[PDB]
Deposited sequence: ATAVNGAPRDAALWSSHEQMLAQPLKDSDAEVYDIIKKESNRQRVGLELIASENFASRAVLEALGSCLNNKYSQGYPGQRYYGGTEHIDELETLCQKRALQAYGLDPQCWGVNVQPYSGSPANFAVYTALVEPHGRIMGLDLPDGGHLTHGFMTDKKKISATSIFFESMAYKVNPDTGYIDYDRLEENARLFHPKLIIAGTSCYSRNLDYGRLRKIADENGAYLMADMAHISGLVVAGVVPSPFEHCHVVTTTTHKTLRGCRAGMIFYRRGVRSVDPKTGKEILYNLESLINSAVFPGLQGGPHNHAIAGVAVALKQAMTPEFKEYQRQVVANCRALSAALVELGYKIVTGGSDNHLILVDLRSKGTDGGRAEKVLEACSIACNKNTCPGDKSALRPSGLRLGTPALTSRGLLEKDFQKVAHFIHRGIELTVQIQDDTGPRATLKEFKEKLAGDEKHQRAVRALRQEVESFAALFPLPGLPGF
């Protein structure tokens, strides 16, 4: 009864060693490994400090102008400040754009928008998953609707030309006239090229649909002006706040304000629809600590240092891509305009499925992903590689070239094992051969050692060992 009070102060290290120990082991893993997973990054210490603030304590359902409870004087200073920085960072005119900073994460942001502009069973079109789209843009089979989007709404994806790896805009333009989408999505989870926002705008207006951009993967790039901004032609832009924007996990919803089209003019009604859908529609009390962390991230995002960070991110990607091309690897669409590349491993007689696991054992983090061609989804040809994370650690062109070599050493290993299994062997067996065969296991150890030594050369953003 007395200690209860001593209990609320007691640092985490003392109060709970088991959790603390985990956090440590994780921090250390993150250090010695090479993070190449496109969606990963490292939040600054400032952002992380915010999440721990007393901002966790206040409930503030509603919005600045009107909340359900009182005493929100400061939360209001915060949310408001956060919006000013969100529009500012993207050079948006507060008279043409508004922004909701309450989404809990990326997926939630998208759903809020669908719930506000589409409505139950409304039609939605997005990049087909195996072509590089995201679940939240639609995901169903001929027998079941898996994604929440594909359950409460009616989704149909558009594909990319399997010979150029590019989005087939012509086919999409045609299909839209038959499908009558209420909303078309412009966003990708694994696509190395800029999107033709201008085209998509013509296609959306043609069918009277809304054009929503999902810049979760390029949000940071867009800010530094390293890739074309989606705010030029889109009606709405949703985004995560982590990944390339390097903040804590949360999401935002940008929406236009003002005159939409003449004749005599009609206005944009997105604001209230979207705000009402987030709340009291879908969410409850906002996570203010996460909002503070985003605000911090946006301040940092407008600095020239960030600006430079991004230029570096993209250049690293290019050098990495070039290095792998030179090693004889095939890059979908032959190259990239951003932070990632899809390496088609068919050109080496293996697949990303087996390859991602071997590279992992060597502490080289990345993931598989089908290439435009691929006939089977149960044996994806590609590996996706992103440079945001490692760049935030300081890696430069020279550094990545060495990385490319490490990945190549891995692909070779992966191949060595695969021929050691059989044409009709399963991923289960493959994985099992890699676990109980000192022969390969030794090789792994050797490369893991090299991988982890190199990684140790760079610092690890975050708190002092946390």
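- No C-alpha positions are given in the record for the deposited-sequence stretches 1-13, 277-280.
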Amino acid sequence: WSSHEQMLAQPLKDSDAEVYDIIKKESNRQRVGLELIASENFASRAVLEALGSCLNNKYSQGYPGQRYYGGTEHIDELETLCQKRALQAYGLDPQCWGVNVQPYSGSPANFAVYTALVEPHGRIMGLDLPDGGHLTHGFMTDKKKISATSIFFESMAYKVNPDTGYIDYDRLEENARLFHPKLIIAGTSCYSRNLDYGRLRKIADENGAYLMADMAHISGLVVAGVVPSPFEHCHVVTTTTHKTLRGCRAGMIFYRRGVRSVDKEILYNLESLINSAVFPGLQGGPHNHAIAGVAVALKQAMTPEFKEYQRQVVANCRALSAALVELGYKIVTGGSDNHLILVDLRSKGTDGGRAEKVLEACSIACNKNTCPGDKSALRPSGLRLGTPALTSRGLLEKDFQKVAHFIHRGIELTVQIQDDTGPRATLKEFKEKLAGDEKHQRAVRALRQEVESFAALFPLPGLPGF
From here on, numbers count along this sequence of modelled residues.
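- Between 232-240 and 87-95, it is 87-95 that carries the larger average Cα temperature factor according to the deposited entry.
- Mean CA B-factor, 366-374 versus 283-291: the higher value falls on 366-374.
- Out of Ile23, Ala17, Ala455, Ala9, the entry records its largest CA B-factor for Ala9.
- Of the candidates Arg256, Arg393, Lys264, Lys307, the one whose C-alpha carries the top B factor in the deposited record is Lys264.
- In this PDB entry, the Cα temperature factor of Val403 sits in the bottom third of its chain's modelled residues, the lowest group.
- In this PDB entry, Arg246 carries a Cα temperature factor that places it within the lowest third of its chain's modelled residues.
- In the deposited entry, the Cα temperature factor of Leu48 sits in the bottom third of values across the chain's modelled residues.
- Looking at the C-alpha B-factors along this chain, the one for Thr115 belongs to the middle third.
- Compared with the other modelled residues of the chain, the Cα B-factor recorded for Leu434 ranks in the middle third.
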